[PDB]
Amino acid sequence: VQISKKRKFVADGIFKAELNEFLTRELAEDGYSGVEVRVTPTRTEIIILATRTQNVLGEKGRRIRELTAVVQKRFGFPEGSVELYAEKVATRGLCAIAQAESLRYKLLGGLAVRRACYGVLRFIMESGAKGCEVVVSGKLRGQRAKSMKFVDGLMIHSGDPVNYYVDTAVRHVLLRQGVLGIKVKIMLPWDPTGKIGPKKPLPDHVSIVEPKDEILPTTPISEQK
Amino acid sequence: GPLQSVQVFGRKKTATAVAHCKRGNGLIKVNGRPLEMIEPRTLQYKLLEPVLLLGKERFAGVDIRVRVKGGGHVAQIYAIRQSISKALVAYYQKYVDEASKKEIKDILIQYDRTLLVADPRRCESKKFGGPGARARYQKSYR
Amino acid sequence: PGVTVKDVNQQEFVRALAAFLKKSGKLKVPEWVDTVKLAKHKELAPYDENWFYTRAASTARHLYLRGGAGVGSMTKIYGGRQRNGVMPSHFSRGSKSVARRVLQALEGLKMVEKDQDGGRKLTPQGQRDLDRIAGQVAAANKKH
Amino acid sequence: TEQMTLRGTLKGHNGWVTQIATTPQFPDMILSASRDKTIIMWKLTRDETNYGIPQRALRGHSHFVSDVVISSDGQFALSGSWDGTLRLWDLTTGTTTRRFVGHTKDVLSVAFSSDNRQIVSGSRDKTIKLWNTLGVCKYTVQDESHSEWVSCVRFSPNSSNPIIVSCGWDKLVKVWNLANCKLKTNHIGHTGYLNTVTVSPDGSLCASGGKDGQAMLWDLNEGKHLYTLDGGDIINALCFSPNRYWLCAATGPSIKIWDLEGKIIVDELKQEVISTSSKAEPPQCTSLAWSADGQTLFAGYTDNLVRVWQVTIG
Amino acid sequence: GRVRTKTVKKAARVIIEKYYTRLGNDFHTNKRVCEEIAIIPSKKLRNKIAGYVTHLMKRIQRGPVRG
Amino acid sequence: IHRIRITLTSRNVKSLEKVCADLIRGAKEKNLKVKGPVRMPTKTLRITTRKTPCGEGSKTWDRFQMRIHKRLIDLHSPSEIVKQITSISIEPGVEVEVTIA
Amino acid sequence: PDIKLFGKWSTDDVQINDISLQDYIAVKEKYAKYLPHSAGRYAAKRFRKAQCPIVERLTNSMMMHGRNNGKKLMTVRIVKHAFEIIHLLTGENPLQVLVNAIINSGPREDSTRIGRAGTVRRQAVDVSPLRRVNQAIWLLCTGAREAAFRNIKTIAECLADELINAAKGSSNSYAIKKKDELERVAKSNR
RNA sequence: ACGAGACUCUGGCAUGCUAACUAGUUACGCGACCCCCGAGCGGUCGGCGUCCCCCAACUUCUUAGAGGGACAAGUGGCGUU
Ligand SMILES: [Mg+2]
Ligand SMILES: [Mg+2]
Ligand SMILES: [Mg+2]
Ligand SMILES: [Mg+2]
Ligand SMILES: [Mg+2]
Ligand SMILES: [Mg+2]
Ligand SMILES: [Mg+2]
Ligand SMILES: [Mg+2]
C-alpha cells in the first residue's frame, strides 16, 4: 500500500533533519555548511556544501565512498540510489554555520576568546555583510559564568524581514571545565540577484530616482520625419 | 418569450442563501417549501418584510427559488431576506428601467440597510490562557 | 393544484399519517413496546403508548425527504443530548432495535423497499399514500 | 452674438464624470462614463423636473472608466478603463459583446475609426495598440511613441490620408500615418504634460492642451504650428463645434469659448452662489461634448454631475 | 491615531521636491505617479506616501510651507 | 491516446504555480487538449506545544503550521509526449505524479 | 403600508409626554418595525443606541441571568405575551403603557459617591436622559425577574403587572420604589 | 542606528480575470407522485443521461491563483490653522 501525503511530507522532513544532524556531527571538522537533497526517480542526489572538499572526499575518494555507503545502510533504500557530491560555498564569510564552526575550532585550539571573536567579526565585515553579532557565554574566567558580546554594523531584530535578512547559528564547545556557547548572527546585504543576498529590499527602504535633465522649450518646433 | 433570469446571493455569518429569480407569476419558495413553512415562525415577519414593503404587485411577475446552506437558523433567515431583496433589485436593473430599480432600492434601504448590504461581523479566534477570545482564566494569589 | 408533502405543516402531517397507519391496522408492533425506552439518554419510557405508529410515520416522512437512510442514519436522526450526573452533557444516539423493527414493519406494508446503493427508500405506493395524506392535511387546514 | 445659459443638470453618478459621448443617429440619448465603474445611458425628456434620467447602466469594469465612444450607427459602445481592458457593449441589451486584453497598465484613451473597423488605445504602459472588431491587437507601437504616459489618441475624419494624433506627458504631440503606422510628425511647443487632443471636423486643424494652460492649434495636412490661445489653470478637454467654427475649452472652474476667426472670447461658463462654500475649490470640469444638433454643450464635472448649456441667439 | 512616521514624511517631501510639476490635488493620480517614479515595496506604504503628498500639495497651494 | 492525470503537490505556491504554468505552456505548444490546473483545497497541519522545556512560568504555547497545496492537470494524449513534456518539469520541492486512468 | 408591532399594535397613536425623553425613546414612524429583533450594531458608537427601538431594548435587557443569555427568541415570545396581557387588562395600546412606565420609572436626580472603602459620602447630581431610559428599563426588567422567581406565575404576567403598575405610578412596583429611594437619598445629600 | 512603525499570516469586498466529473448551477430528456373544477410553458424530487464513439452551456453559489481596493482621501468645524 501507500501512505497519505501528510505522513509523506512529515517523513521527508524528518529524514532531511536526521541527515543534516549526521552530516554535521561527521563533518564539523571540515567546515560543513549544509546539505541539499534533490529527489529524482532515477537516483536521489545529495549535495554537501562545506568550506573545503578535500577532506570530505578523502584520499582517492575513500571517505565520501564510505558516507554514501552508511547512508544507504541507514535509511535502507536500495543501492544505486545514493550519490553524494561536495561543493564549496560561494562565500564562506556570509555563512553563519561556517563562521560558528571556525570560531569553535579556534577556541578549541587555545586561542584567546576576545582575539578570536574580533578576528571572526573582522572577517565577516570584510566579506561584505551589513552587520554581525557574536555572543560567547560560559565560564570564561572563574567559577562565575558570564557573557561577552561583540557587535558591528547594522542589525534588525523584529518582524518578518528577520527570516530572510538574518543568518543565525548556535554552537557548543566542550572545554576542560565545562561547556561554552557560541551565537553568531549575520545580516545579509541586499543583492538584486539571489547569489549572496536577499533579492527583495527591506520593507521601509524607499529609493526615489533622480529626475533626468529636460531641455526648456522656447519656440514651437514641428519636426517631420 | 426570452429566457431572462438572475441568480443572486446573500450572506450571514456562515449561512449563504442563493435566490434564482426568473419570469413567472409570483411563486416564492425556499428549499422547495413555501415562505410561511420556514422555521422558526417567531421570526416569520423578518422573512416577509420585503414583500410587505414592496407589495405583491412588484413580485407578481417573477418566480423566485432560494437554496440555503450553512450557519444557524437565524443566520439562514437573515441571509434569505437579503438574497430575496438583492435578487429583485438585480432583476429590475436588467429587465426593467433604472427608475423602478432606484425606487425599490430606496424603499428597501430606508427600512433596513442589511436588506442589500452584508454584515461583516465574524467570530474571533480563541487565544490560549482563557476560555475564549477575550476572557482569561481565574488568577490566584497566595 | 396538487398538494405535496412539502406544502403542509410537518407536525400535523406526522400526526395525520400516524393516525392513518393506526387505523389501517396492518402495521406489525413488537411485543416489548410497553417495556422499553427509545434511547439510552432517555430517563423514562415515552408518554404516548401509541408511540410506535408515530415513530413509523416520522421514519416514512424522513425517507420521503431524504432517501437511502439506514439503521445508523435513523439512529443519528433521533439522537439527543445526554445529561450524566455531575459531568458535562454529550450527544447520544438512539436504539438500533427500534429503528430496525420500524423499517421492517414499514417494509411489511409495501411502503419501504431496499435501496440498491444501501439502506432503504420509498415505493411509489408509499409516495402516493404520503401525498394523499398531505392533501388531506391541506384540505383540513383550509376548510377550517 | 450668442449667450450660453445653463439649462439643466443630470444626476445619476456617484463619482467623477470622465467622458461624455453623443451620436447624430439618436439625439435623445447620451452616454456618460464615470469613476463609479459604471457607464450611464441617459434618456432625455426635456421635462420640468428633470432634463434627463438614467436609462441603463453598463457595469463590467473593475476599475474607473476613462473613455467612452459610440459607434457610427449608435448601436454599440466602446469603453476603456483603468483595469487595462477595453469593452465593447451592445447598447440594445446592455451586455458586453467583446473584450480587448493586452495592456499591462491603465487605458487612458480609446477612439473609433471613421468606418468602425479600426480601434486604437493608448495606455499608461507608454503603448499605443491598434485592434480590430474581433478583439485581436493588430499592431502595437514600441517605436518611441512616448517617453511618458499617452493621454489621448484620436482619428482624423478627413478625406485625405488617414491620420492618428496622440499627446504625451513627455510634452510632445505625435502624428502617425494610418495603415503603415510610422511616425510622421512631432510637435514640441508645450511646457508640461498634455491631457487632451482633438481634431476639427474638416480634418485640417488640431488642438492640444495640458497643465501649461495654453491651447495650441496646429495644422494637420501641412504640419506647422498655427496659433496659441491662453486659457485658465489646466485644460482638461478641447472640442470643436461641428457647424459654428468655435473652440470650446474645459478649464477647472469655468468653460471658455473662443471664436477661431477673431481669437476673441465668446463666453465663460461658471456659477456658484453660496458664500460659505467659497473656501472649498469649485468642482473641476472634466469632460466636454457637443450634441450633433449643435445647440447644446454637455459638460461633466468633478461634482458627479453633468450640466447642459443651451445656446441662445441674439 | 493617524500620525505619519518619519519615513512617509521624508519620502513625500523628497518626491514633492523632485517632481513638483507632475503632481496635483488628486490622490489617485498622485499614487499612480509615485509608483512610476519611486520604489515602494509595499502597497500600503505607497498609499500613505501618496496621501501625504496630496495633503502637502494642498498646503503648498494655500501658501508657503515651513519645510 | 490516453486520459492522463498529473497531480502536483508542493509546500510553497510560487514554485508550484511556476511548474504548472510550464507544463500547460509546453503541452499547448504541442497542440494538445489540456484541462486545469484545478486547485484542491489547501491542507493545514497544526502542532500546538509548550515553549518551556520544563513546567515553570507562564503557560505559553507555540503554534506550528504546515501548508500543503495540490494541483491537477488532465491531458488527452499518448504516453510518449507526456514524458517528453514531463522530463523538463523536474523542480525542487514539487512532487509530480503521472497516472493513466 | 402600515407597520404594526407583531402585526397588531400600531405606533401612530402613541405620544410621549416628556420633552426631555423625546429624543431617546424610539417608538415613532421611522422606528416602527414588525418585530423587536433586528441584529443591528448599535453598540459600535456612542449614543447610537438611542436610535434602537425601545421594544428591542427591553428585549435585549430581558436576557438575564446567565442561564438565559442569548435566548432572544424566548424573550421576544415573552414580550409578545406580556403585551397581549397588558392589552387585555387595561384596554389600551401596550406601547403607550410601556412609554408611560419608562417615563415614570427614570430617576431625575441621583447621588454620586465619594467613598473610602468602608465609609461613603455622596453629593447630589443630575441624570442625563439616556441614563434615565437605561435605568428605567433595567429596573423594570429586574422587578419582573424577581417577581417571577420561585412562584407559580408566568414571567409574561409578572412583566405585564410591572409595566402596568409603573405606568399607573403606583408604589406596588419595584421600579417606582427604587426611583423614590434614589431620589430621597439624592435629596438628603444636597 | 536598534526598539515602535514598517513587515508576515488572518477576517471582511470583486456577477471584473484565470478554470475545474475528487465542486456545482441552470437548461433540456427519462421516470415517480399530486390536482380531471381550472391537467398545465403546472408543482416536489440529495430520483436517473447530458466528459469519457457521438449525446448541453456557464462559473452566481464551492475551491485558489494573479491583480484591484482605504490614503484621515472629500466636506464642515475645532486647533499656533
Ligand atoms: Mg525596525
Ligand atoms: Mg512591528
Ligand atoms: Mg465563539
Ligand atoms: Mg464562547
Ligand atoms: Mg436529534
Ligand atoms: Mg447533569
Ligand atoms: Mg414562575
Ligand atoms: Mg466565483
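Chain A is the first sequence line, chain B the second, and so forth, proteins listed ahead of strands; every chain is numbered from 1.
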Item to check | Side-chain N,O (F:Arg3) to OP1/OP2 (H:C52) below 4.0 Å | outcome: no
Item to check | Phosphate-side-chain proximity, D:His63 and H:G67, N/O vs OP1/OP2 below 4.0 Å | outcome: no
Next on the checklist: Check this one for me: any side-chain N or O of F:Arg5 less than 4.0 Å away from OP1 or OP2 of H:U22?
Outcome noted: yes
Next on the checklist: For a quick check of understanding: with a heavy-atom distance under 4.0 Å over all strands, which category does B:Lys69 fall into, base, sugar-phosphate or nothing?
Outcome noted: nothing
Checklist entry - Here, do the bases of H:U50 and H:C51 lie with ring centres under 5.5 Å and ring planes under 30 degrees of each other? => result no
Item to check | For H:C34, glycosidic torsion class - syn if within 90° of 0, otherwise anti | outcome: anti
Item to check | Phosphate OP1/OP2 of H:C45: any C:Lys6 side-chain N/O under 4.0 Å | outcome: yes
Pairs under 3.5 Å (N/O, protein and nucleotides 54-60 of chain H):
residue : atom : partner : partner atom : Å
H:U60   : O2   : B:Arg67 : NH2          : 3.4

Checklist entry - Nearest-Å distance, CG (D:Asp303) to P (H:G74)? => result 15 Å
Checklist entry - Side-chain N or O of F:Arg39 less than 4.0 angstrom from OP1 or OP2 on H:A64? => result no
Checklist entry - Does a side-chain N or O from E:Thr5 land closer than 4.0 Å to OP1 or OP2 of H:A4, or not? => result no
Next on the checklist: Is the shortest side-chain heavy-atom distance between B:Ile80 and B:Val68 below 4.5 Å?
Outcome noted: yes
Next on the checklist: Just to confirm, do H:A39 and H:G38, adjacent in the strand, meet the stacking rule in which the six-membered ring centres are under 5.5 angstrom apart and the planes are under 30°?
Outcome noted: no
Next on the checklist: Distance check, rounded to the nearest 0.5 Å: F:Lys33 atom NZ versus F:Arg3 atom CZ?
Outcome noted: 9.5 Å
Item to check | Complement of H:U44, any strand, by Watson-Crick or G-U distances under 3.5 angstrom | outcome: H:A32
Checklist entry - Between H:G16 and D:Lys37, is there an OP1 or OP2 to side-chain N/O distance shorter than 4.0 Å? => result no
Checklist entry - So, is the end of the D:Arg124 side chain (NZ or CZ) under 6.0 Å from the ring centre of D:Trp82 and within 45° of the ring's axis? => result yes
Next on the checklist: Check E:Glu35 with E:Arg46, please: is the shortest side-chain N to carboxylate O separation under 4.0 Å?
Outcome noted: yes
